[PDB]
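> experimental structure below, sequence on top.
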Amino acid sequence: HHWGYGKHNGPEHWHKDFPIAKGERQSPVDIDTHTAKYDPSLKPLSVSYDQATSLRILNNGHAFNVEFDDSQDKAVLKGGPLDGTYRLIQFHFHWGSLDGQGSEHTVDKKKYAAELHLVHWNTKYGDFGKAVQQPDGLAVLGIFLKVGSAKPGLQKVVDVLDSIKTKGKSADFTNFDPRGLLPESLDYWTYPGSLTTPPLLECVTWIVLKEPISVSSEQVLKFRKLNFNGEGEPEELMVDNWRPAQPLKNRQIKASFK
Ligand SMILES: [Co+2]
């Protein structure tokens, strides 16, 4: 049926409509820190978000997306394992019903409360729709969230969520600075993988930061008040919208640090 994260249409069902779900480079994965190889040939990441133009926030029935103007090189990711320039198109989170789960990637099987995905597309391909058809089409920056002190830069997001409680609702969301969601260190792990939602295309260079950000219990509880359903349908809280770890298969995770 229409895919989601429930008992009958969750991740274990996706392969029936999207056979690539059992592919050779699916995401997310467990990051075994002892096994990842330090790769001194790797460059530092270049995150250049100073001219980012946020536009809107949308509840799409799976998560909420903060969308950006990607019609110019305003907010880009370069360097690290990447060739060329990748433009920020949107960010979103995955989170749990409880603080013990919610992330998609895991680190030595540790699950974080949530995971932020900053999604960027390779410019060489002109638009997002074309980029997802290419093995180097997307670069997604993954950042773990743990529960502890509040993240000041996240509060503007948390506060608009009650205006987009249900599927299909959107709201204006301008002048948001995504630099306020980054941890101090840009040390990372990287590997080739996929989108973690249908259509699960194998088009992503994943860059997962080692350092988590902290958010407060109150901030994540507001995430969990969102809904998967549309307005005036039975309430299904938007929680546990994460895909579990997939087989690593023939892939190597590289580390940018020692
Ligand atoms: Co995601």
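Cool, the structure landed. Residues are numbered from 1 along each chain as shown.
> the closest residue in space to residue 247 that isn't next to it in sequence: neighbouring residues, count only.
With C-beta to C-beta, 6 or more residues apart in numbering as the criterion, residue 247 has its nearest non-adjacent residue at 7.3 Å, and that residue is residue 26. For every residue, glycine as well, the C-beta is placed using N, CA and C. Other residues near residue 26 come to 23 when the count uses other C-beta atoms under 10 Å.
> and if you look at residue 181?
By other C-beta under 10 Å, the residues close to residue 181 number 22.
> do the same with the one 10 residues further on
Neighbours of residue 191 under the rule other C-beta under 10 Å: 22.
> correct me if wrong: it contacts residue 202.
No - using C-beta atoms under 8 Å, residue 191 is not in contact with residue 202; the gap is 11.9 Å.
> mind listing what the spatially most central residue of the chain touches?
Computing the C-alpha centroid of the chain and ranking residues by C-alpha atoms, centre = their mean puts residue 117 first, at 2.0 Å. Contacts for residue 117 (C-beta atoms under 8 Å, 6 or more residues apart in numbering) come out as 91-94, 140-142, 196.
> ok, the residue nearest to residue 247 to residue 118 distance?
Residue 26 is 20 Å from residue 118, where distance means C-beta to C-beta, to the nearest Å.
> do residue 10 as well
From residue 10 across to residue 118, the span is 25 Å (C-beta to C-beta).
> what of residue 148?
Using C-beta to C-beta, we find residue 148 at a distance of 21 Å from residue 118.
> between those two, who's got more neighbours?
Between residue 148 and residue 118, residue 118 has the larger neighbour count (other C-beta under 10 Å), namely 25 against 14.
> which one is residue 211 nearest to, not counting chain neighbours?
Leaving aside its sequence neighbours, residue 211 sits nearest to residue 183 (C-beta to C-beta, 6+ apart; 3.9 Å).
> pretty sure that neighbour is touching residue 214, no?
No - here residue 183 does not reach residue 214: they are 9.0 Å apart, not a contact under C-beta under 8 Å.
> residues contacting residue 120?
Counting by C-beta under 8 Å, 6+ apart, residue 120 makes contact with 76-77, 86-89, 138-141.
> turn the residues you listed into a markdown table, columns for distance to residue 254.
As requested, the contacts of residue 120 are exported to a markdown table (distance: C-beta to C-beta, whole Å):
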| residue | distance to residue 254 |
| --- | --- |
| 76 | 22 |
| 77 | 17 |
| 86 | 18 |
| 87 | 23 |
| 88 | 23 |
| 89 | 25 |
| 138 | 18 |
| 139 | 14 |
| 140 | 16 |
| 141 | 15 |
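> make JSON lines out of those residues and add neighbour count.
Formatted as JSON lines, the contacts of residue 120 follow (neighbours: other C-beta atoms under 10 Å):
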{"residue": "76", "neighbour count": "21"}
{"residue": "77", "neighbour count": "25"}
{"residue": "86", "neighbour count": "29"}
{"residue": "87", "neighbour count": "23"}
{"residue": "88", "neighbour count": "28"}
{"residue": "89", "neighbour count": "19"}
{"residue": "138", "neighbour count": "24"}
{"residue": "139", "neighbour count": "30"}
{"residue": "140", "neighbour count": "24"}
{"residue": "141", "neighbour count": "26"}
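> just the closest of those residues to residue 246, please.
residue 140 (14.8 Å; C-beta to C-beta).
> on the strand side of things, show who that closest one bridges to.
Residues in a beta bridge with residue 140, per DSSP bridges, are residue 119, residue 206.
> that one contacts residue 204, doesn't it?
Yes - using C-beta under 8 Å, residue 140 is in contact with residue 204, at 5.3 Å.
> now do the helices in the stretch 101-250 of the chain.
For the stretch 101-250 of the chain, applying DSSP state H, counting those that start in this stretch gives helices covering 128-131, 155-160, 217-223.
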